[PDB]
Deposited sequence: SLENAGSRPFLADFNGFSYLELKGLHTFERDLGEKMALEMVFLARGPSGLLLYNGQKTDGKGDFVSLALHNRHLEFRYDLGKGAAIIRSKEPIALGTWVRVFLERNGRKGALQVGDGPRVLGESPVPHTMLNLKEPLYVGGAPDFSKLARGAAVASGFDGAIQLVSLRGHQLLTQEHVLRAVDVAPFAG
């Protein structure tokens, strides 16, 4: 159960067992690049259900598709690169919330009627092995350049050695 402070270089990723194995998610990270994939979990391999978190020009964006198209919930502020950021994601059926640090929650929702997320695939953190297999609705094309200190699901910590199925070009954070 040793935690590890994971460093991603843009073409890196961690593969963990899918979120279904273990919605409230917290991540603590420090970004060196303004865009890239932070978290992804899907149903299948360009459509089907998915949940994602990503950076897009310093904005966090939380997306999910429950069968009727994607919610897109974007941080109010851009993050400061080179700093430690805490982000909280919540979903209750269609309704979602994104909170960065101590800031106000940003709210959004996916379209009516679908309320339930069907995840089957592994959980990807910091990037993915093949961006062509990810849902088009996630709107991501690159991995994260930065470090991740924490990934938790409902308070359970996922970023420990025991959880890793595969780590590709992931280093211990130094700088």
property	result
In sequence order, the deposited-sequence ranges that have no modelled C-alpha atom	1-6, 29-35, 59
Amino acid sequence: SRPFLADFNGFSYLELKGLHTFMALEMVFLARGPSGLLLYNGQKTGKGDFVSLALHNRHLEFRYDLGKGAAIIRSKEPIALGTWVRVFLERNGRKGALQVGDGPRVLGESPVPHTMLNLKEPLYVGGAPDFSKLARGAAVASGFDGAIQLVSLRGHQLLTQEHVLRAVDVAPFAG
From here on, numbers count along this sequence of modelled residues.
property	result
Selected stretch [higher average CA B-factor]: 138-146 or 33-41	138-146
Segment of higher mean CA temperature factor, 128-136 or 51-59	128-136
Highest-ranked of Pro78, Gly101, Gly93, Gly82 once sorted by CA temperature factor in the record	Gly101
Highest recorded Cα temperature factor - choice among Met23, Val151, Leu14, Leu19	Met23
Record-listed C-alpha B factor of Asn9: chain third	lowest
Third of the chain's Cα B-factor distribution that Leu117 belongs to, per the entry	middle
